[PDB]
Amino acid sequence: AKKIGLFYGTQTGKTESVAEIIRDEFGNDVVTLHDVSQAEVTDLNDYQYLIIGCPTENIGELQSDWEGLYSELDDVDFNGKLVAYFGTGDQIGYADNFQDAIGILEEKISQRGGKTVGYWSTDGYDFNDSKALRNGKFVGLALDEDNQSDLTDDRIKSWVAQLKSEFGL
């Protein structure tokens, strides 16, 4: 199995499109993509480095497929693993709940032993509140393909460089 397991959910495809950009950005072929509508909870056991991708749905909720997997995470042993988070979200439509989902996921996985890496500055986003907030920073990369599509490629470039360091790749 490849070094990095990237587990994403999507309804309208934008999280999946970002996921593929992230995979490519690593340059070297070190990522396997998993759609969580199709994946099993035990697939996470296969990787030391995890990337978790999730948009926020229904105003502050986990994406439906990630909702399903989340209820199965209380058993999984994340101890010693390193975990990064990315989300797509809409900071103009949902200013009070922007990227809530990666914060919900990170709260759960960090409690199970998985160490968060790849925190991301909140600079250049216009939002009011977020469960992904971690003191000046989001728990992971915030993408917005609704409002800031023109910023996605450069944000991914910069974030992947950071993760490569954290994963020692």
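All residue numbers are counted from 1 along the displayed sequence.
**Q** Tell me which stretch has the larger mean Cα B-factor in this entry, 100-108 or 42-50.
**A** Between 42-50 and 100-108, it is 42-50 that shows the higher mean C-alpha B-factor.
**Q** Read off the CA B-factors in the entry, average them over 138-146 and over 33-41, and name the higher stretch.
**A** Mean CA B-factor is higher for 33-41.
**Q** Tell me, lowest, middle or highest third: where does the Cα B factor of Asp129 rank within its chain?
**A** According to the entry, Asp129 has a C-alpha B-factor in the chain's lowest third.
**Q** Can you tell me whether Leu163 has a C-alpha B-factor in the lowest, middle or highest third compared with the other modelled residues of the same chain?
**A** Middle third, going by the recorded CA B-factors of the chain.
**Q** Among the modelled residues of this chain, does the Cα B factor of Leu82 put it in the lowest, middle or highest third?
**A** Middle third of the chain for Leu82's C-alpha B-factor.
**Q** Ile4's Cα B-factor: lowest, middle or highest third of the chain?
**A** For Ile4, the deposited C-alpha B-factor lands in the middle third.
**Q** Lowest, middle or highest third of the chain for the C-alpha temperature factor of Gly113?
**A** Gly113: CA B-factor falls in the middle third of its chain.
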